[PDB]
Amino acid sequence: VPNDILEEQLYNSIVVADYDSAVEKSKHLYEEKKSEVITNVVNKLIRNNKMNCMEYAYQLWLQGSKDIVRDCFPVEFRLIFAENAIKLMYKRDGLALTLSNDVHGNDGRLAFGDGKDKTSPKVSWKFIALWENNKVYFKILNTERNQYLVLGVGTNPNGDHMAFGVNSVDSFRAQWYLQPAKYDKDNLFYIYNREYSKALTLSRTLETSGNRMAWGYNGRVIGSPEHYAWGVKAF
């Protein structure tokens, strides 16, 4: 069976979401010393923005096979599933995600992309994952505040929702799924809110200080990694 067919039979199981199966074929391939099949499948998923590549990294993660994720996927999947201190870097603008100091009403702390601050402990986040409905989701916890990223209910008139940090994961509002993308050679993520299915972005209106408010965005993002997606970087 040429690596042709193997790749496509690994890519298949992944996109119709047969995660159990993709795991097996990936263990075999791996044992059979054909890792380059796995790598290449993965880079193909990430190219084609296949959300299902998060779920295949997660099942490898829980199915004995951590070595496959650290081995054969871009370093981010390790940063994510290993729960490391990371920062969330917006491609468009290059600002790092953070939380305001004071609390905005019952809605929590305001999430923005801070204008100056790229190394302070305030820009530290972890990913914390679950499995529901044959899909992986993340809690996004600011390190300094022990508060989760969340999307508030009220919209502006575009239908955009505001992002804050709250003390609990109460609702589907505080849970996120990711979609991988390339832009050049960087690996990026569109980060959607489970409840509204809107993409985490930074505002186009810019505050005098340099910060941009972060929003759950009501419109298309796909095809514009450089404008929309995020960089996971070790804190």
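Heads up: numbering here begins at 1 and tracks the sequence. Both backbone and side-chain heavy atoms feed into the values below; hydrogens, waters and symmetry mates do not.
Remark: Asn211 CG to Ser203 OG distance equals 11.5 Å, nearest 0.5 Å. Put simply, CD1 on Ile68 and CG on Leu29 are 9.5 Å apart, with the number rounded to the nearest 0.5 Å. Taking NZ of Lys139 as the start and CH2 of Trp125 as the end, the distance is 14.0 Å to the nearest 0.5 Å. Interatomic distance, CG of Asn142 versus CG of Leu97, reported as 7.5 Å (0.5 Å rounding). Note that NE2 of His104 is 6.0 Å distant from CG of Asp102, once rounded to the nearest 0.5 Å. To the nearest 0.5 angstrom, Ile191 atom CD1 is 8.0 Å from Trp176 atom CH2.
The backbone N or O of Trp61 sits less than 3.5 Å from a side-chain atom of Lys66, completing a donor-acceptor pair. Judged by distance alone, with hydrogens and angles left aside, the side-chain atoms of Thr143 form a donor-acceptor pair with the main-chain N or O of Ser124 at under 3.5 Å. Proximity of a side-chain donor or acceptor of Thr155 to a complementary backbone N or O of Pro157 within less than 3.5 Å is not detected. Without hydrogens or angle criteria, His161 side chain to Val153 main chain gives a donor-acceptor distance under 3.5 Å. Panel note: side chain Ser100, backbone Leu110; a donor-acceptor pair is recorded below 3.5 Å. Checking side-chain atoms of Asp93 against main-chain N and O of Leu95 turns up no donor-acceptor pair under 3.5 Å.
No continuous path of hydrophobic side-chain contacts links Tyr148 to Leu130 [ILVMFWY only; heavy atoms under 4.5 Å]. Each of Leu141 and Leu149 belongs to its own hydrophobic cluster when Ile, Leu, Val, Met, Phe, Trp and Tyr are linked at side-chain heavy-atom distances under 4.5 angstrom. Linking ILVMFWY side-chain heavy atoms closer than 4.5 Å, directly or via other members, places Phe112 and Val103 in two distinct hydrophobic clusters. Using a 4.5 Å cut-off between side-chain heavy atoms of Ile, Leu, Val, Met, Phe, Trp and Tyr, with links allowed through other members, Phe172 and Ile140 fall into different hydrophobic clusters. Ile222 and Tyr183 end up in different hydrophobic clusters when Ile, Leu, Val, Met, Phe, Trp and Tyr side chains are linked at under 4.5 Å.
Looking at every heavy atom in both residues, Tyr196 comes nearest to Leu151 through CD1-CD1, 4.2 Å. Taking all atoms of both residues into account, the shortest heavy-atom contact from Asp107 to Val166 is O-CG1, 3.8 Å. The nearest pair of heavy atoms linking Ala214 to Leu202 is CB-CD2, 3.6 Å. Minimum interatomic distance between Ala181 and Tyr190 (heavy atoms only, all atoms of both residues): CB-CE1, 3.9 Å. Contact record, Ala129 with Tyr58: CB-CE1, 3.7 Å, taken as the closest heavy-atom pair.
In terms of the ring pair (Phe, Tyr, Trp, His ring centres under 6.0 Å) criterion, residue partners of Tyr192 (sequence neighbours excluded) are, by chain and number, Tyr177. Residues that satisfy the side-chain hydrogen bond (donor to acceptor under 3.5 Å, both in side chains) test with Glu226, not counting sequence neighbours, are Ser224. For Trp230, the ring pair (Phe, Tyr, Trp, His ring centres under 6.0 Å) test picks out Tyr90, with sequence neighbours left out.
Identified under the salt bridge (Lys or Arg N to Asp or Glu O under 4.0 Å) test for residues 109-135, with sequence neighbours left out: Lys122-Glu144, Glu132-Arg194. The stretch residues 165-189 participates, sequence neighbours left out, in these salt bridge (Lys or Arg N to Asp or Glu O under 4.0 Å) pairs: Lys91-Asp186. Residue pairs meeting the salt bridge (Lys or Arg N to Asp or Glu O under 4.0 Å) criterion with at least one partner in residues 20-40, sequence neighbours excluded, are absent. Sorted by first then second residue, the side chain to side chain donor-acceptor pair (under 3.5 Å) pairs that include residues 4-16, not counting sequence neighbours, are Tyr11-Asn48. Each salt bridge (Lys or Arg N to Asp or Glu O under 4.0 Å) pair with one or both residues in residues 150-166, not counting sequence neighbours, would appear here, but there are none.
Using a 4.5 Å heavy-atom threshold, the side chains of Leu206 and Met213 count as separate. Side-chain contact check for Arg145 versus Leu99: some heavy-atom pair is nearer than 4.5 Å. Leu60 places a side-chain heavy atom less than 4.5 Å from the side chain of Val23. Residues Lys44 and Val41 are not in side-chain contact: their nearest non-hydrogen atoms beyond the backbone lie 4.5 Å or more apart. Within the 4.5 Å cutoff, the side chain of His227 has no heavy atoms near those of the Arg204 side chain.
Within the 6.0 Å centre-distance limit, the rings of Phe138 and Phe127 are counted as a close aromatic pair. Separation of the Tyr217 and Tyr228 ring centroids falls under the 6.0 Å cut-off.
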| task | Given side chain to side chain contact (heavy atoms under 4.5 Å, CB included), test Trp215 with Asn156 step by step and report yes or no. | result | CA-CA 10 Å; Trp215 294 91; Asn156 65 28; 3.5 Å; yes
Under 3.5 Å, side-chain donor or acceptor atoms of residues 49-56 against the rest of the protein: list the pairs with distances, not counting sequence neighbours.
from  : atom 1 : to     : atom 2 : distance (Å)
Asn52 : OD1    : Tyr19  : OH     : 3.1
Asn52 : ND2    : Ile14  : O      : 3.1
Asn52 : ND2    : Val15  : O      : 3.2
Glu55 : OE2    : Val136 : N      : 3.2
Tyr56 : OH     : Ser26  : OG     : 2.8

Donor-acceptor pairs under 3.5 Å, side chain of residues 69-84 to any protein atom, not counting sequence neighbours: which ones?
from  : atom 1 : to    : atom 2 : distance (Å)
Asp71 : OD2    : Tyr30 : OH     : 2.2
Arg78 : NH1    : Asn84 : OD1    : 3.4

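Enclosure of atom CG in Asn106 is not indicated, since only 12 or fewer non-hydrogen atoms of other residues, nucleotides or ligands lie within 6.0 angstrom.
Under a 4.5 Å side-chain heavy-atom cut-off, the cluster of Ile, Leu, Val, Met, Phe, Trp and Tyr residues that includes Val123 is completed by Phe235. In the hydrophobic clustering (ILVMFWY side chains linked at under 4.5 Å, chained through shared members), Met89 stands by itself.
No side-chain donor from either of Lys198 and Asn193 sits under 3.5 Å from a side-chain acceptor of the other.
Here the rule is side-chain contact (heavy atoms from CB on, under 4.5 Å) with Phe189, and of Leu200, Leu178, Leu88, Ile46 only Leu178 fits it.
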